[PDB]
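Undergrad: Let me begin by handing over the structure; questions about it come next.
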Amino acid sequence: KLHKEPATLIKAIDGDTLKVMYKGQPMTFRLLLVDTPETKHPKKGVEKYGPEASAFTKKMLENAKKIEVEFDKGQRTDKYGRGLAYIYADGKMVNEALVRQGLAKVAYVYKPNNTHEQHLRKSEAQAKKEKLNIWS
């Protein structure tokens, strides 16, 4: 059973990565299950819809009253020390909002961190069917 925990925005870094104050410490979070185009991609740098994905996550988190983090049932950090979570702005899941707008694809999924996988896949199918952004 997953639960939401409160957090405080520090700074949105990219479409898929946000720095947040969690249990009293600054920590970088990577959004579970989604791949956004990147503005600071390691080899590629600035990719198409990268700035759009970045602005969308930024606006959503910065304008929220309440930001919450929800860990999945598996590992809670990746190999770079980033928290792996679903992030909610005023009760809306950011991870889902991105996929629903055609600003992210559903990532390759690693069990047991796959709880909302079906839900995200459905939004992705909708965004493809609507030909939004990445899908047009």
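Letters A, B, ... mark the chains of the structure tokens in the order given; residue numbers begin at 1 per chain; ligand numbers begin at 1, in order shown.
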As a ChimeraX atom specification, please: every residue in chain A that a backbone DSSP assignment puts in alpha helix (DSSP H).

TA: /A:50-62,94-100,117-129

Undergrad: Kindly export the residues of the current selection with N, CA, C and O atoms, as a compact mmCIF listing (two decimals), in the first residue's frame.

TA:
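File part-v9.txt, as written:
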```txt
# COMPACT_ATOMS: atom_id res chain seq x y z
N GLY A 50 11.96 19.28 -25.28
CA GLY A 50 12.68 19.36 -24.01
C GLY A 50 12.33 20.65 -23.28
O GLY A 50 11.92 20.59 -22.12
N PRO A 51 12.51 21.82 -23.92
CA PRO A 51 12.13 22.99 -23.13
C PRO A 51 10.63 23.02 -22.71
O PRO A 51 10.31 23.57 -21.64
N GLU A 52 9.75 22.53 -23.56
CA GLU A 52 8.32 22.44 -23.27
C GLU A 52 7.98 21.55 -22.08
O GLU A 52 7.20 21.95 -21.21
N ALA A 53 8.55 20.34 -22.06
CA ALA A 53 8.46 19.41 -20.88
C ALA A 53 8.98 20.02 -19.62
O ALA A 53 8.32 19.97 -18.59
N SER A 54 10.14 20.65 -19.70
CA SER A 54 10.72 21.40 -18.58
C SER A 54 9.82 22.53 -18.08
O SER A 54 9.58 22.64 -16.88
N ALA A 55 9.27 23.34 -18.98
CA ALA A 55 8.39 24.41 -18.52
C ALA A 55 7.12 23.87 -17.86
O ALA A 55 6.63 24.45 -16.88
N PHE A 56 6.58 22.81 -18.41
CA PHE A 56 5.35 22.21 -17.93
C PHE A 56 5.54 21.68 -16.48
O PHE A 56 4.78 22.00 -15.61
N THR A 57 6.58 20.88 -16.22
CA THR A 57 6.83 20.40 -14.87
C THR A 57 7.06 21.56 -13.88
O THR A 57 6.51 21.60 -12.79
N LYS A 58 7.87 22.54 -14.30
CA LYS A 58 8.17 23.77 -13.52
C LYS A 58 6.92 24.54 -13.11
O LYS A 58 6.71 24.76 -11.92
N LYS A 59 6.06 24.85 -14.07
CA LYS A 59 4.83 25.54 -13.80
C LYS A 59 3.92 24.79 -12.91
O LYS A 59 3.41 25.36 -11.97
N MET A 60 3.80 23.50 -13.14
CA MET A 60 2.92 22.65 -12.33
C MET A 60 3.33 22.60 -10.90
O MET A 60 2.45 22.71 -10.04
N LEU A 61 4.63 22.43 -10.59
CA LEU A 61 5.12 22.35 -9.23
C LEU A 61 5.19 23.73 -8.58
O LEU A 61 4.89 23.85 -7.40
N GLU A 62 5.55 24.75 -9.35
CA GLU A 62 5.78 26.08 -8.72
C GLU A 62 4.46 26.70 -8.32
O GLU A 62 4.42 27.52 -7.40
N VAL A 94 2.12 14.58 -11.37
CA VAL A 94 2.91 15.19 -12.40
C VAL A 94 3.31 14.21 -13.48
O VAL A 94 3.27 14.52 -14.66
N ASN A 95 3.71 13.02 -13.08
CA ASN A 95 4.20 11.94 -14.01
C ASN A 95 3.11 11.71 -15.02
O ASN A 95 3.39 11.67 -16.26
N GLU A 96 1.88 11.52 -14.55
CA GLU A 96 0.73 11.33 -15.47
C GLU A 96 0.40 12.51 -16.33
O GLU A 96 0.19 12.29 -17.53
N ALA A 97 0.38 13.73 -15.78
CA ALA A 97 0.11 15.00 -16.51
C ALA A 97 1.04 15.07 -17.69
O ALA A 97 0.61 15.31 -18.85
N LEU A 98 2.33 14.80 -17.50
CA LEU A 98 3.31 14.84 -18.64
C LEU A 98 2.97 13.87 -19.79
O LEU A 98 2.99 14.30 -20.92
N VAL A 99 2.74 12.59 -19.50
CA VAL A 99 2.39 11.56 -20.46
C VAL A 99 1.06 11.89 -21.18
O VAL A 99 0.95 11.78 -22.44
N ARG A 100 0.11 12.37 -20.40
CA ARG A 100 -1.26 12.76 -20.92
C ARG A 100 -1.16 13.89 -21.96
O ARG A 100 -1.91 13.87 -22.94
N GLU A 117 1.95 1.76 -13.60
CA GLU A 117 2.36 1.53 -14.98
C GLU A 117 1.18 1.48 -15.94
O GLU A 117 1.20 2.12 -17.00
N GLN A 118 0.13 0.73 -15.56
CA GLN A 118 -1.08 0.57 -16.40
C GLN A 118 -1.78 1.88 -16.58
O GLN A 118 -2.14 2.24 -17.69
N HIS A 119 -1.91 2.62 -15.50
CA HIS A 119 -2.51 3.93 -15.55
C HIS A 119 -1.78 4.90 -16.50
O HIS A 119 -2.41 5.57 -17.35
N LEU A 120 -0.47 4.92 -16.41
CA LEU A 120 0.33 5.77 -17.32
C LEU A 120 0.25 5.31 -18.80
O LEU A 120 0.20 6.13 -19.74
N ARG A 121 0.25 3.99 -18.99
CA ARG A 121 0.13 3.45 -20.35
C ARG A 121 -1.18 3.92 -21.04
O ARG A 121 -1.14 4.28 -22.24
N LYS A 122 -2.28 3.92 -20.27
CA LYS A 122 -3.57 4.43 -20.76
C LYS A 122 -3.50 5.86 -21.16
O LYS A 122 -4.02 6.21 -22.24
N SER A 123 -2.88 6.72 -20.32
CA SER A 123 -2.73 8.13 -20.72
C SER A 123 -1.86 8.30 -21.96
O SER A 123 -2.14 9.15 -22.83
N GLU A 124 -0.82 7.49 -22.06
CA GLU A 124 0.06 7.56 -23.22
C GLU A 124 -0.68 7.20 -24.51
O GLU A 124 -0.48 7.87 -25.51
N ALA A 125 -1.54 6.18 -24.43
CA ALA A 125 -2.35 5.71 -25.59
C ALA A 125 -3.29 6.85 -26.08
O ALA A 125 -3.34 7.12 -27.28
N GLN A 126 -3.92 7.53 -25.14
CA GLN A 126 -4.71 8.77 -25.37
C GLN A 126 -3.95 9.92 -26.02
O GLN A 126 -4.40 10.48 -27.03
N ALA A 127 -2.75 10.22 -25.51
CA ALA A 127 -1.97 11.25 -26.08
C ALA A 127 -1.53 10.90 -27.54
O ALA A 127 -1.43 11.77 -28.37
N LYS A 128 -1.29 9.61 -27.82
CA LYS A 128 -0.81 9.14 -29.14
C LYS A 128 -2.00 9.32 -30.09
O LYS A 128 -1.83 9.82 -31.17
N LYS A 129 -3.18 8.94 -29.62
CA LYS A 129 -4.47 8.95 -30.36
C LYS A 129 -4.86 10.36 -30.67
O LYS A 129 -5.47 10.63 -31.72
```

Undergrad: One decimal, Å: what's the distance from atom CA of residue A:69 over to atom CA of residue A:45, could you say?

TA: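 Atom CA of residue A:69 sits 27.7 Å away from atom CA of residue A:45.
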
Undergrad: Select, from A:37, A:91, A:26, A:74, the residue with the minimum atom-to-atom distance to residue A:106, counting only C-alpha atoms.

TA: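 Smallest distance to residue A:106 is found for A:37.
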
Undergrad: I need the residue nearest residue A:23 from this list: A:132, A:49, A:88, A:68. Use only C-alpha atoms for the distance.

TA: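 Smallest distance to residue A:23 is found for A:68.
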
Undergrad: Contacts of residue A:75 at 10 Å or less, counting only C-alpha atoms, minus same-chain residues fewer than 2 places along, as a PyMOL selection string?

TA: chain A and resi 71-73+77-78+83-85+110-113

Undergrad: How about saving the chosen residues, N, CA, C and O atoms kept, as a PDB file, in the first residue's frame?

TA:
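See selection-v1.pdb below for the written result:
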```pdb
ATOM      1  N   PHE A  71       6.530   7.137  -2.835  1.00  0.00           N
ATOM      2  CA  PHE A  71       7.464   6.065  -3.247  1.00  0.00           C
ATOM      3  C   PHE A  71       6.718   4.866  -3.749  1.00  0.00           C
ATOM      4  O   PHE A  71       5.537   4.690  -3.417  1.00  0.00           O
ATOM      5  N   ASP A  72       7.314   4.085  -4.611  1.00  0.00           N
ATOM      6  CA  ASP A  72       6.669   2.809  -5.019  1.00  0.00           C
ATOM      7  C   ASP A  72       7.181   1.690  -4.044  1.00  0.00           C
ATOM      8  O   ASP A  72       7.750   2.010  -2.985  1.00  0.00           O
ATOM      9  N   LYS A  73       6.896   0.423  -4.350  1.00  0.00           N
ATOM     10  CA  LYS A  73       7.214  -0.680  -3.414  1.00  0.00           C
ATOM     11  C   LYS A  73       8.665  -1.180  -3.461  1.00  0.00           C
ATOM     12  O   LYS A  73       9.034  -1.969  -2.584  1.00  0.00           O
ATOM     13  N   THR A  77      15.808   4.917  -4.253  1.00  0.00           N
ATOM     14  CA  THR A  77      16.850   5.794  -4.876  1.00  0.00           C
ATOM     15  C   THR A  77      17.466   5.101  -6.046  1.00  0.00           C
ATOM     16  O   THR A  77      17.551   3.824  -6.098  1.00  0.00           O
ATOM     17  N   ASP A  78      17.921   5.864  -7.008  1.00  0.00           N
ATOM     18  CA  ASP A  78      18.672   5.217  -8.084  1.00  0.00           C
ATOM     19  C   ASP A  78      20.192   5.278  -7.821  1.00  0.00           C
ATOM     20  O   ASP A  78      20.678   5.705  -6.741  1.00  0.00           O
ATOM     21  N   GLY A  83      15.998  10.291  -5.483  1.00  0.00           N
ATOM     22  CA  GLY A  83      14.716   9.622  -5.027  1.00  0.00           C
ATOM     23  C   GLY A  83      13.887   9.256  -6.279  1.00  0.00           C
ATOM     24  O   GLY A  83      13.861   9.993  -7.307  1.00  0.00           O
ATOM     25  N   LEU A  84      13.285   8.084  -6.260  1.00  0.00           N
ATOM     26  CA  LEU A  84      12.390   7.616  -7.337  1.00  0.00           C
ATOM     27  C   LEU A  84      10.949   7.636  -6.850  1.00  0.00           C
ATOM     28  O   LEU A  84      10.609   6.842  -6.008  1.00  0.00           O
ATOM     29  N   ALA A  85      10.111   8.505  -7.363  1.00  0.00           N
ATOM     30  CA  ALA A  85       8.780   8.676  -6.824  1.00  0.00           C
ATOM     31  C   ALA A  85       7.809   9.202  -7.859  1.00  0.00           C
ATOM     32  O   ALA A  85       8.169   9.721  -8.949  1.00  0.00           O
ATOM     33  N   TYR A 110      10.787  -1.290 -14.279  1.00  0.00           N
ATOM     34  CA  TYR A 110      11.582  -2.248 -13.483  1.00  0.00           C
ATOM     35  C   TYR A 110      10.729  -2.658 -12.326  1.00  0.00           C
ATOM     36  O   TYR A 110      10.512  -1.913 -11.387  1.00  0.00           O
ATOM     37  N   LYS A 111      10.190  -3.850 -12.405  1.00  0.00           N
ATOM     38  CA  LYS A 111       9.514  -4.411 -11.245  1.00  0.00           C
ATOM     39  C   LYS A 111      10.484  -4.353 -10.039  1.00  0.00           C
ATOM     40  O   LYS A 111      11.683  -4.492 -10.215  1.00  0.00           O
ATOM     41  N   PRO A 112       9.981  -4.110  -8.812  1.00  0.00           N
ATOM     42  CA  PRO A 112       8.614  -3.935  -8.316  1.00  0.00           C
ATOM     43  C   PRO A 112       8.080  -2.462  -8.403  1.00  0.00           C
ATOM     44  O   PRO A 112       6.985  -2.177  -7.906  1.00  0.00           O
ATOM     45  N   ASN A 113       8.883  -1.571  -8.998  1.00  0.00           N
ATOM     46  CA  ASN A 113       8.504  -0.115  -9.144  1.00  0.00           C
ATOM     47  C   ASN A 113       7.640   0.118 -10.377  1.00  0.00           C
ATOM     48  O   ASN A 113       8.067   0.793 -11.354  1.00  0.00           O
TER      49      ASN A 113
END
```

Undergrad: Please measure the separation of atom CA of residue A:134 and atom CA of residue A:103, giving the value in Å to one decimal.

TA: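 If I compute the distance from atom CA of residue A:134 to atom CA of residue A:103, I get 6.1 Å.
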
Undergrad: Which residue out of A:41, A:65, A:114, A:81 has the minimum interatomic distance to residue A:27 when only C-alpha atoms are used?

TA: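 That would be A:81, the residue with the smallest distance to residue A:27.
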